[PDB]
There are 2 protein chains.
Amino acid sequence: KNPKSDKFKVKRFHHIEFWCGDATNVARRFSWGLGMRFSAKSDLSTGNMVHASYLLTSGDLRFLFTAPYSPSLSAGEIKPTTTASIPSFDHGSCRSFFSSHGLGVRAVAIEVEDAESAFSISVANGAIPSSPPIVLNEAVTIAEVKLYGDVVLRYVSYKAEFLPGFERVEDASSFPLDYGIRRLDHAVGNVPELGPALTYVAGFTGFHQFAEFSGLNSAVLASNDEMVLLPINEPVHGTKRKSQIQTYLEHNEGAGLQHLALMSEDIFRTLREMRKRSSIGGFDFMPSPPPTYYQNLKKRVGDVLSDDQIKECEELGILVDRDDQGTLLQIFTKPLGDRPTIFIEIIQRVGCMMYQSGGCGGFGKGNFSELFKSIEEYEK
Amino acid sequence: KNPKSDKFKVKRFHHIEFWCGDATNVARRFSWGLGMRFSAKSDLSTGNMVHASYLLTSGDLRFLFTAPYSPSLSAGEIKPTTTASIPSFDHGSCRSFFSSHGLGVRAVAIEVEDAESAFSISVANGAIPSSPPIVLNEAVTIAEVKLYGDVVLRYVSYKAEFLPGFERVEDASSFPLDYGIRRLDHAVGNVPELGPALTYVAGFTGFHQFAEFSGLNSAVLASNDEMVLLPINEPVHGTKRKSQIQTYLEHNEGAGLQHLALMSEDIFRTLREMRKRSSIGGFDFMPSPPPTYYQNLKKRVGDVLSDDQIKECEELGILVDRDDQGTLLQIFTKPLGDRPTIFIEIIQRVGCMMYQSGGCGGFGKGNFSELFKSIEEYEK
Ligand SMILES: Cc1c(C(=O)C2=C(O)CCCC2=O)ccc2c1c(=O)n(Cc1ccccc1)c(=O)n2C
Ligand SMILES: Cc1c(C(=O)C2=C(O)CCCC2=O)ccc2c1c(=O)n(Cc1ccccc1)c(=O)n2C
Ligand SMILES: [Co+2]
Ligand SMILES: [Co+2]
């Protein structure tokens with residue numbers, strides 16, 4: 001069931017902003033490891049004495065990497081005469097963020113029709129304001145409320161090139177890499193208590209629980225057309241294996257986002273390209289499933305994927321789940337940085353054509369039991 | 001003239017340690033951009049709850065990348081029961097360093113016969129102690145004194161695998177990249193006043209001024225066999241163009257190291273490999289000289305390099321200087337990180353065979369006037 005209770009008009013995921021201490025080095029690692037292009041910058045070259053910001057794009061996916069300069073560069077400035085292109089930025093908050101959390105996402109941004117309305121309605125509905133609505137160059141409105149931990153939900157709205165004050169990267173500095181990734185599918189937070197976190201963010205968005213049929217307990221909030229998908233996990237204590245959610249909270253110094261799931265139009269090409277670059281600057285992937293997993297996949301998705309295709313999934317380590325309505329292909333990278341905190345999921349969904357409806361196939365929770373049982377079988 | 005006034009027995013450059021906020025991402029960018037191998041680690045996987053440290057190697061060159069974890073991970077520890085593998089490390093100093101300076105080198109390490117002697121003699125001769133001598137696993141001794149800014153000179157000495165507590169990276173995680181780079185040639189500091197900085201570090205090392213035949217004023221300190229080369233610059237104010245030294249001090253928040261010069265056994269192969277990767281995660285190079293430069297190189301090094309070779313230098317943008325005793329091939333990357341601070345120089349030296357004697361060819365100071373005049377000619 002979908003009550004379509006969105007309290008304001010939301011469109012799509014717009015961009016993800018990482019806060020780091022050196023934007024250049026994270027951005028170039030990410031661009032090579034993921035096949036994202038260098039498309040827009042805001043930094044000293046563009047008259048910004050406050051922060052360094054570099055945008056990577058693959059299809060509709062927008063990764064923003066931001067780090068502070070020395071405050072001495074902008075010490076004469078005040079907020080009305082700032083040279084920062086993102087007005088919510090703050091040296092102290094950014095430096096506090098990176099040194100408390102290590103590398104991670106500071107903002108999950110969604111495009112809305114009216115970011116000032118979206119902010120007002122949100123705050124009026126219990127959201128903790130983080131940055132008030134600012135109109136950039138009479139063209140773009142930007143507002144931030146608190147989401148969880150030190151992560152903020154960022155509303156952007158356009159009257160009619162990323163943001164005012166970003167210049168387009170000169171073609172000789174922009175190499176057209178592409179491994180297949182096309183858009184952000186979902187962004188997942190880890191919190192210590194799911195209940196209050198659910199009722200807080202559902203309370204100011206009007207997002208509804210998405211029907212989702214060892215480790216955690218979770219639930220997924222979804223906008224009206226279920227294209228903005230915001231899962232949230234909490235740990236399940238007292239087990240035998242320590243919950244990854246609890247390890248996350250311990251190493252992250254509290255609540256934050258666990259993973260970004262990126263949609264590829266061809267998860268097979270994507271993972272071939274990403275695996276080729278794993279050990280030369282790219283990303284590592286979590287260990288593969290035991291062949292007992294793939295020896296049981298023919299019994300479950302043999303109607304969706306052929307024998308050659310299922311064997312292909314065995315090569316790249318791709319996991320496969322399926323809904324009552326769709327099939328899901330997924331795989332998890334190792335953590336993106338020093339700490340065992342944030343990671344990336346590559347996915348592709350099969351089915352639910354009307355366009356594809358959001359969340360087709362679910363989120364892979366079955367692959368936990370498919371993995372445990374598959375481990376037992378291989379042990380033999 | 002070489003008085004050989006070293007006050008203790010120094011061997012070679014041993015390693016360079018970068019302090020950052022995320023070691024993983026800087027290390028992987030550096031390894032791809034420079035062709036260095038992932039050879040040793042100390043981190044959570046190795047029982048180190050204090051800091052994450054990853055060593056990259058190309059020939060004899062050792063780049064160490066270190067970042068702090070959350071202090072909460074090691075809050076029960078005291079200095080005698082620490083799990084840090086580098087005992088001089090300090091969460092507060094590291095976080096203060098990265099947030100004051102951005103990405104940069106924290107330590108220039110040199111191997112000595114006796115690091116405890118080297119420390120004692122040094123401090124007794126005016127060096128400001130930074131970390132006292134610690135004997136690691138009855139095998140390695142490590143000591144630090146202050147060099148300039150927040151950069152420390154690091155003495156290491158071996159009785160007879162990098163340091164105790166680093167494990168060797170498993171071969172499947174270690175891809176044998178190599179673009180030709182073989183050793184560190186020199187490490188250069190920018191300070192606000194050369195005089196006091198020279199007399200301070202020459203005072204506790206006994207290093208002598210190396211005979212070196214617009215922008216800065218510099219001088220080079222050298223050990224007995226002139227293989228540990230420590231140039232130092234200060235700005236030349238009141239000019240027309242703002243000194244790069246002064247820009248460095250402004251954006252770095254004070255004194256620090258300006259550049260690392262890495263020796264390649266084949267600067268032509270190195271720069272082809274590095275340029276191939278510039279726009280896909282590697283390093284950019286400073287803009288090339290006007291062809292008027294290369295149209296005048298035949299008049300100067302036509303005895304050392306052939307017509308095909310000089311044209312090759314024109315392709316990769318390599319500059320060429322020469323001593324009274326040797327020839328120098330060199331080129332400068334763009335800054336390694338967000339700030340216009342530290343950068344890397346690739347070099348190869350021709351001549352002075354006895355082995356090659358250190359510093360053969362000088363350091364390229366002529367290429368300033370060769371560049372200005374070459375610009376004037378091309379302007380025409
Ligand atoms: C992250 C994730 C998801 C899913 O994406 C997420 C929630 O599960 C549910 C709510 C939102 C939804 O998006 C699904 C399956 C997963 C993983 C995952 O990280 N791993 C790695 C791992 C295995 C053992 C120990 C530690 C880690 C898996 O094996 N499976 C099977
Ligand atoms: C760094 C360096 C060196 C040399 O290595 C260093 C000192 O000069 C002297 C002491 C130690 C010695 O190692 C030599 C030549 C250089 C550069 C250099 O960075 N550039 C870039 C640039 C050009 C215009 C404006 C800003 C930067 C050059 O053009 N030339 C020619
Ligand atoms: Co997911
Ligand atoms: Co140099």
Side-chain angles (χ1 to χ4, degrees), chain A residues 185-190 194 210 214-221 229-234 241-245 247-248 258-261 285-287 289 293 317 319-321 328 330-335 340 343-345 347 359 362-364 366-369 371 374, chain B residues 185-190 194 210 214-221 229-234 241-245 247-248 258-262 285-287 289 293 317 319-321 328 330-335 340 343-347 359 362-364 366-369 371 374:
Chain A
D185 189 87
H186 56 267
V188 177
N190 274 179
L194 182 51
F210 186 96
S214 175
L216 46 90
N217 290 321
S218 45
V220 181
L221 296 178
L229 301 160
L230 293 183
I232 306 165
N233 323 136
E234 68 167 7
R241 69 149 281 129
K242 206 206 200 122
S243 160
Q244 320 81 230
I245 320 296
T247 301
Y248 179 104
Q258 192 205 28
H259 67 279
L260 306 167
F285 289 95
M286 287 293 273
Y293 184 83
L319 298 132
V320 181
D321 211 6
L328 169 63
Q330 64 183 175
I331 196 173
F332 304 99
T333 78
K334 278 191 204 173
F343 53 94
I344 280 167
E345 177 193 2
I347 42 82
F363 295 91
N367 281 311
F368 289 93
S369 198
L371 225 44
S374 180
Chain B
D185 189 87
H186 56 267
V188 177
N190 274 179
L194 182 51
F210 186 96
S214 175
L216 46 90
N217 290 321
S218 45
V220 181
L221 296 178
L229 301 160
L230 293 183
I232 306 165
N233 323 136
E234 68 167 7
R241 69 149 281 129
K242 206 206 200 122
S243 160
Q244 320 81 230
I245 320 296
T247 301
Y248 179 104
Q258 192 205 28
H259 67 279
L260 306 167
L262 324 183
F285 289 95
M286 287 293 273
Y293 184 83
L319 298 132
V320 181
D321 211 6
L328 169 63
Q330 64 183 175
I331 196 173
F332 304 99
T333 78
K334 278 191 204 173
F343 53 94
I344 280 167
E345 177 193 2
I346 310 303
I347 42 82
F363 295 91
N367 281 311
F368 289 93
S369 198
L371 225 44
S374 180

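Note that ligands are numbered from 1 as they come in the structure, with each ligand's atoms numbered from 1 the same way. Atoms considered below: every heavy atom in the structure, side chains included; atoms not considered: hydrogens, waters and symmetry mates. Lettering follows sequence order; numbering is per chain, from 1.
The ligand atoms of ligand 2 that sit less than 4.0 angstrom from a heavy atom of B:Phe363 are 3 (C), 4 (C), 5 (O), 12 (C), 13 (O), 14 (C). Taking a cut-off of under 4.0 Å to the non-hydrogen atoms of B:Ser218, the atoms of ligand 2 that pass are 9 (C), 10 (C). Each of the following atoms of ligand 2 lies closer than 4.0 Å to a heavy atom of B:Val188: 13 (O). When each atom of ligand 2 is checked for a heavy atom of B:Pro231 under 4.0 Å away, the hits are 11 (C).
For the atom pair CD1 (B:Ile346) and CZ (B:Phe332), the distance works out to 10.5 Å, reported to the nearest 0.5 Å. Note that CG of B:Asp185 and CG of B:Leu260 are 11.0 Å apart. Values are rounded to the nearest 0.5 Å. Rounding to the nearest 0.5 Å gives a distance of 11.5 Å between CG of A:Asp321 and CZ of A:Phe363.
Closest approach of A:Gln330 to A:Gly364, counting heavy atoms only: OE1-CA, 3.2 Å. Between B:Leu328 and B:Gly362, the shortest heavy-atom distance links the atoms CD2-O, 3.9 Å. Listed here is the closest heavy atom pair of B:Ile331 and B:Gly317: CD1-O, 3.5 Å.
At a heavy-atom distance under 4.0 Å, atoms from both the backbone and the side chain of A:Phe368 approach ligand 1. Only the side chain of B:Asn233 comes within 4.0 Å of ligand 2, judged by heavy-atom distances. Contacts of A:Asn367 with ligand 1, taken as heavy-atom pairs under 4.0 Å, involve both backbone and side chain. Residue contacts with ligand 1 for A:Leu319 are absent, since no atom lies close enough (heavy atoms, distance under 4.0 Å). Of all the heavy atoms of A:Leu371, the ones lying under 4.0 Å from any atom of ligand 1 belong exclusively to the side chain.
Considering backbone and side-chain atoms alike, B:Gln244 places every N or O at 3.5 Å or more from each N or O of ligand 2. At under 3.5 Å, not a single nitrogen or oxygen of B:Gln258, backbone or side chain, sits near a nitrogen or oxygen of ligand 2. Taking distance alone, with nitrogen or oxygen atoms compared against 3.5 Å, B:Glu345 approaches ligand 2 more closely than that limit.
Remark: side-chain polar atoms of A:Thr333 are not paired, donor with acceptor, to backbone N or O of A:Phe285 under 3.5 angstrom. No donor-acceptor pair under 3.5 Å is formed between the side chain of B:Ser218 and the backbone N or O of B:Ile232.
Distances from the Co ion (ligand 4) to the N/O/S atoms of B:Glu345 are shortest for OE1.
Residues satisfying the side chain to side chain contact (heavy atoms under 4.5 Å, CB included) criterion with B:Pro340, sequence neighbours excluded, are A:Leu44, B:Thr247, B:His251. Among residues two or more places apart in sequence or in another chain, the side chain to side chain contact (heavy atoms under 4.5 Å, CB included) test is passed with B:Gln258 by B:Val188, B:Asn190, B:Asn233, B:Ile245, B:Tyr248, B:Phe343.
In this comparison of A:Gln330, A:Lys334, A:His259, the heavy atom closest to atom 1 (C) of ligand 1 sits on A:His259.
At a cut-off of 2.8 Å, B:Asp185 does not coordinate the Co ion (ligand 4) through any N, O or S atom.
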